[PDB]
Structures are given as C-alpha cells and as structure tokens.
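Using the entry's author numbering, the letters of the sequence shown correspond one by one to residues 2 to 183.
Comments concern the structure below.
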Amino acid sequence: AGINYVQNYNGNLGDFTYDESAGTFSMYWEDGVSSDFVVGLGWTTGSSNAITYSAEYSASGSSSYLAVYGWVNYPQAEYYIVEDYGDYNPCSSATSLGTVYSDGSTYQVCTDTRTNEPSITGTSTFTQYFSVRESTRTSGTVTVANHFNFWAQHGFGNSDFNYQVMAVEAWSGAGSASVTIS
Numbered sequence: 002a003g004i005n006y007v008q009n010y011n012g013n014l015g016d017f018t019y020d021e022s023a024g025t026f027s028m029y030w031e032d033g034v035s036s037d038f039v040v041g042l043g044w045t046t047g048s049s050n051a052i053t054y055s056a057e058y059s060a061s062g063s064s065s066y067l068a069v070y071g072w073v074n075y076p077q078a079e080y081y082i083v084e085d086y087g088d089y090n091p092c093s094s095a096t097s098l099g100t101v102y103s104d105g106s107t108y109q110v111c112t113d114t115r116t117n118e119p120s121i122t123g124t125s126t127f128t129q130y131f132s133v134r135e136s137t138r139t140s141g142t143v144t145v146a147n148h149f150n151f152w153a154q155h156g157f158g159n160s161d162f163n164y165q166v167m168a169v170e171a172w173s174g175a176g177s178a179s180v181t182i183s
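Structure (structure tokens):
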C-alpha cells in the first residue's frame, strides 16, 4: 500500500505492534484503557484513493472504532469513516448531515465541533466529520472519494490533507484488534 507513516497516539496505553512493509499492525488493550489512544498505519499525505483492509476486531464492550482516520490542514478537520465500533456511536450525539451509500451500505454522516482539544497543531478548535457504517464489518474496501465528496457539500475542505491511516481507537474499556492494509 506504500505505507509510509505510523500513527501512534498513546499507543503505550496498550500493546501496539506493526510492520510497515507488510501493512499489518495489531493492538491489544485487554486490560482496558481509561484514556484515548489512536494507532495505525497509513500515509503522510491523505488522498481520495480507496483503502482495502482486513481485520480481526473485538471491541464490543469498548468505546472504540475501526476506522479510516485523518486530518485536513485548513479548514482544520479530523475525520472518520467508521467501519465497525464498540459501545459508542458518535452520530448519536452529533449534528446529522444525512446519509451516504458506499461499498455495500449506508453510513450515517454527522459533524461536530471540538474546542481547545488535542489536534495536529497541538490544542485547538476543529471540526470533526463522521460516516458511521450502518452494517458494520471488519473487512472490505472503503471508497474514500464517496465520503469526501459528500462531506465536501458541508464544509469539508476536500484538499490540503495531512496524514491518513487505517486506525483502531479506544478510550474506555478493553478490546483487541489485528489489521492488514492491502
């Protein structure tokens, strides 16, 4: 996949292993976590190219996501295309933007504003964009373009991309995850 970036945000909170060249990574937090971590493999500059992945993901009792994750520099935005998740749906609370259909399923799409929080610039106010898969899965292709195009109708800059990775995130509870990016 031309993986050239390792995402490790508090990976030390659980057990994070990875092989850039194989496009694989695992992450165990079986003892539970009480703080947020985001780990994964990807690219230093994001693009609208499709991402194919395969995963073993077990996070039923955990506030966790198995998602395509990345940032946009300006307007600053953090984004997720959540394929599978734990006990928490971000669109349950956020402002609804509609629905989008892609790769065999509809995704609820929502947005939210984070004030003075950890960001690719340290601490700041940024916008989040979420596409949550209606029929969750742990393997398949994500045609990122379909999501970027829909979000772009609502403010998503759709250019000036920072990093983008296939990620696993959790900030409560315990779980397990093994992922391969093809």
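Every residue gets a Cβ at the ideal spot worked out from N, C-alpha and C, and that includes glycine.
Looking from the CA of residue 122, the closest CA among 113, 183, 74 and 56 belongs to 74.
Under a 10 Å Cβ-count criterion, residue 148 is classified as buried, with 16 or more other Cβ atoms of the shown protein chains found around its own Cβ. In the structure shown, residue 77 adopts coil according to DSSP, grouped into three states. A straight line joining the alpha-carbon of residue 41 with that of residue 79 spans about 15 Å. Considered as a whole, the segment 71-138 harbours 78-86, 96-103, 106-120 and 123-134 as its complete beta strand (DSSP E) runs of no fewer than 3 residues, in chain order.
The residue among 25, 48 and 173 with its C-alpha nearest the C-alpha of residue 86 is 173. For residue 5, the three-state secondary structure derived from DSSP is coil.
Residue environment analysis places residue 102 among the exposed positions, since fewer than 16 neighbouring C-beta atoms fall within 10 angstroms of its C-beta. In the displayed model, residue 163 falls within a strand according to three-state DSSP. The beta carbon of residue 179 is closer than 7 Å to those of 27, 56 and 57 in its chain, skipping five residues each way along the sequence.
For residue 43, the three-state secondary structure derived from DSSP is strand. Take the alpha-carbon of residue 119 and the one of residue 170: they are about 15 Å apart. By the Cβ test, the segment 156-170 is in contact with the segment 63-71, since at least three Cβ pairs between them sit closer than 8 Å. Setting aside the 5 residues that flank it on each side, residue 2 is surrounded in the same chain by 24, 182 and 183, each with a C-beta closer than 7 Å to its C-beta; the list follows chain order.
Excluding residues up to 5 positions away in sequence, 95 and 129 lie with their Cβ nearer than 6 Å to the Cβ of residue 113 in the same chain.
Shown here, residue 152 sits in a helix according to DSSP, grouped into three states. One Cα belongs to residue 13, the other to residue 44, and the distance between them is close to 21 Å. Sequence-distant partners of residue 16 (beyond 5 residues in either direction) whose C-beta falls short of 6 Å from its own C-beta, in its chain, are 29. For the 8 Å CB-CB criterion, residue 162 and residue 99 do not form a contact.
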